[PDB]
Amino acid sequence: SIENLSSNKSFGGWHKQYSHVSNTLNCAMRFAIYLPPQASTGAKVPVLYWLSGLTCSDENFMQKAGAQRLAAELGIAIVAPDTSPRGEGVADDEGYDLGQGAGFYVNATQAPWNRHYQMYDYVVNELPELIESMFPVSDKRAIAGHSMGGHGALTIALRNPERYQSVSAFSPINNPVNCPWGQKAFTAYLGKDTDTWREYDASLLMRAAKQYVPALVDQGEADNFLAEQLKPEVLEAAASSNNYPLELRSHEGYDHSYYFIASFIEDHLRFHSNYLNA
Ligand SMILES: [Cl-]
């Protein structure tokens with residue numbers, strides 16, 4: 001029902017990969033965890049959930065973001081789920097932008113996708129329950145992500161404000177109802193009635209937010225997807241309009257890659273630590 005697949009010592013702590021049978025997705029799922037050195041002492045540690053973007057697995061961030069150094073110092077565990085259901089019986093598309101690697105963190109209502117594409121319930125309900133049951137962790141959590149995963153973090157935090165201390169993102173999809181990535185995925189997973197899409201749009205949620213989760217967003221100015229897919233100005237406008245605690249930082253010359261993420265991940269860890277320690 002749960003299997004440790006791999007272990008690698010990392011900055012006096014541990015990077016470990018698991019597979020488990022998901023009740024919400026009705027499929028096997030892989031996730032990775034980083035436990036800091038403090039978890040070896042008897043301490044319970046807080047958890048940063050990291051959600052990845054299109055095509056990614058539970059490996060990309062663990063390998064490339066360089067988060068382990070500071071997570072170790074600050075005593076933060078990081079949990080990185082995969083980006084979609086995977087395996088036998090799970091629908092898929094040949095394109096990188098739909099199906100596997102592309103769950104969009106929604107609960108799909110349209111067949112065939114509705115059978116397995118319940119990534120919102122997985123991230124919000126099943127995964128944290130599992131993590132808290134297995135690992136030496138507290139009930140204090142935060143959430144972050146990149147692009148589709150930034151969309152994931154923001155939308156989940158805004159709809160579950162009591163559940164998350166803080167939220168952050170790199171290159172988030174802010175207004176997915178108004179971009180091709182969001183439109184393709186939402187039409188396929190949720191159908192043609194865009195009223196059903198509203199609860200999955202960070203910019204729309206933020207404008208209407210009744211309770212604040214502190215937020216930090218970093219955007220590379222040389223990100224090729226900025227205008228068409230990401231639309232940070234649209235998030236800023238929502239924040240402005242709702243007195244929302246959003247710090248949105250634009251960085252000249254930086255792109256959409258993990259090189260950009262690695263460049264500011266320590267900022268994100270110090271930001272989360274501020275709220276996870278409270
Ligand atoms: Cl993405």
# chains A, B, ... in the order shown; residues from 1 in each chain; ligands from 1
>>> select_by_dssp(residues="range 84-222 of chain A", states="helix (DSSP H, G or I)", output="ChimeraX atom specification")
/A:113-115,119-134,148-159,176-178,180-190,194-196,198-200,202-208
>>> closest_atom_pairs(of="range 100-157 of chain A", to="range 67-85 of chain A", cutoff="7 Å", atoms="only C-alpha atoms", output="JSON lines")
{"residue": "A:100", "atom": "CA", "partner": "A:84", "partner_atom": "CA", "distance": 5.4}
{"residue": "A:101", "atom": "CA", "partner": "A:83", "partner_atom": "CA", "distance": 5.1}
{"residue": "A:102", "atom": "CA", "partner": "A:84", "partner_atom": "CA", "distance": 5.9}
{"residue": "A:103", "atom": "CA", "partner": "A:84", "partner_atom": "CA", "distance": 4.5}
{"residue": "A:116", "atom": "CA", "partner": "A:85", "partner_atom": "CA", "distance": 6.2}
{"residue": "A:117", "atom": "CA", "partner": "A:85", "partner_atom": "CA", "distance": 6.2}
{"residue": "A:119", "atom": "CA", "partner": "A:84", "partner_atom": "CA", "distance": 6.6}
>>> write_last_selection(atoms="N, CA and C atoms", output="mmCIF file, in the first residue's frame")
data_model
loop_
_atom_site.group_PDB
_atom_site.id
_atom_site.type_symbol
_atom_site.label_atom_id
_atom_site.label_comp_id
_atom_site.auth_asym_id
_atom_site.auth_seq_id
_atom_site.Cartn_x
_atom_site.Cartn_y
_atom_site.Cartn_z
ATOM 1 N N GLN A 100 -1.371 13.162 -18.804
ATOM 2 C CA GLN A 100 -0.292 12.848 -17.876
ATOM 3 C C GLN A 100 0.798 13.925 -17.878
ATOM 4 N N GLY A 101 1.298 14.225 -16.681
ATOM 5 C CA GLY A 101 2.164 15.367 -16.451
ATOM 6 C C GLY A 101 1.450 16.706 -16.481
ATOM 7 N N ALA A 102 0.110 16.711 -16.514
ATOM 8 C CA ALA A 102 -0.639 17.917 -16.784
ATOM 9 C C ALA A 102 -1.993 17.889 -16.098
ATOM 10 N N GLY A 103 -2.028 17.452 -14.834
ATOM 11 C CA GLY A 103 -3.297 17.391 -14.072
ATOM 12 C C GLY A 103 -3.976 18.707 -13.726
ATOM 13 N N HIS A 116 -9.752 9.429 -12.801
ATOM 14 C CA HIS A 116 -8.442 9.504 -12.105
ATOM 15 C C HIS A 116 -7.892 10.908 -11.816
ATOM 16 N N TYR A 117 -8.414 11.912 -12.512
ATOM 17 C CA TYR A 117 -7.831 13.252 -12.468
ATOM 18 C C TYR A 117 -8.476 14.045 -11.346
ATOM 19 N N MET A 119 -6.637 15.677 -8.850
ATOM 20 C CA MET A 119 -5.387 16.219 -8.255
ATOM 21 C C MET A 119 -5.624 17.277 -7.179
#
>>> atom_distance(atom1="CA of residue 223 in chain A", atom2="CA of residue 245 in chain A")
24.1 Å
>>> residues_near_ligand(ligand="ligand 1", cutoff="8 Å", atoms="only C-alpha atoms and all ligand atoms", output="list in words")
residues 52, 53, 54, 55, 102, 146, 147, 148, 149, 172, 173 and 181 of chain A
>>> write_last_selection(atoms="C-alpha atoms", output="CSV table (one decimal), in the first residue's frame")
chain,number,residue,atom,x,y,z
A,52,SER,CA,5.5,21.2,-10.2
A,53,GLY,CA,4.6,22.4,-13.7
A,54,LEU,CA,3.7,20.8,-17.0
A,55,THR,CA,5.7,17.6,-17.9
A,102,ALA,CA,-0.6,17.9,-16.8
A,146,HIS,CA,6.1,26.7,-10.5
A,147,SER,CA,3.9,27.6,-13.5
A,148,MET,CA,1.0,25.0,-13.5
A,149,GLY,CA,2.2,24.2,-9.9
A,172,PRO,CA,2.6,31.0,-11.9
A,173,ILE,CA,-0.3,30.6,-14.3
A,181,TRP,CA,-2.9,26.1,-21.3
>>> closest_residue(among="A:123, A:278, A:143, A:222", to="residue 167 in chain A", atoms="only C-alpha atoms")
A:143
>>> residues_around(residues="residue 31 in chain A", least_positions_apart="3", cutoff="12 Å", atoms="only C-alpha atoms", output="ChimeraX atom specification")
/A:2-6,15-22,28,34,49-52,56-62,78-86,122-123,127-128,130-131
>>> closest_residue(among="A:196, A:138, A:257, A:118", to="residue 171 in chain A", atoms="only C-alpha atoms")
A:257
>>> select_by_dssp(residues="range 84-247 of chain A", states="strand (DSSP E or B)", output="PyMOL selection string")
chain A and resi 107+118+137-146+167-170+215-220+246-247
>>> closest_residue(among="A:202, A:261, A:179, A:188", to="residue 220 in chain A", atoms="only C-alpha atoms")
A:261
>>> atom_distance(atom1="CA of residue 209 in chain A", atom2="CA of residue 243 in chain A")
9.7 Å
>>> closest_residue(among="A:235, A:182, A:197, A:98", to="residue 154 in chain A", atoms="only C-alpha atoms")
A:235
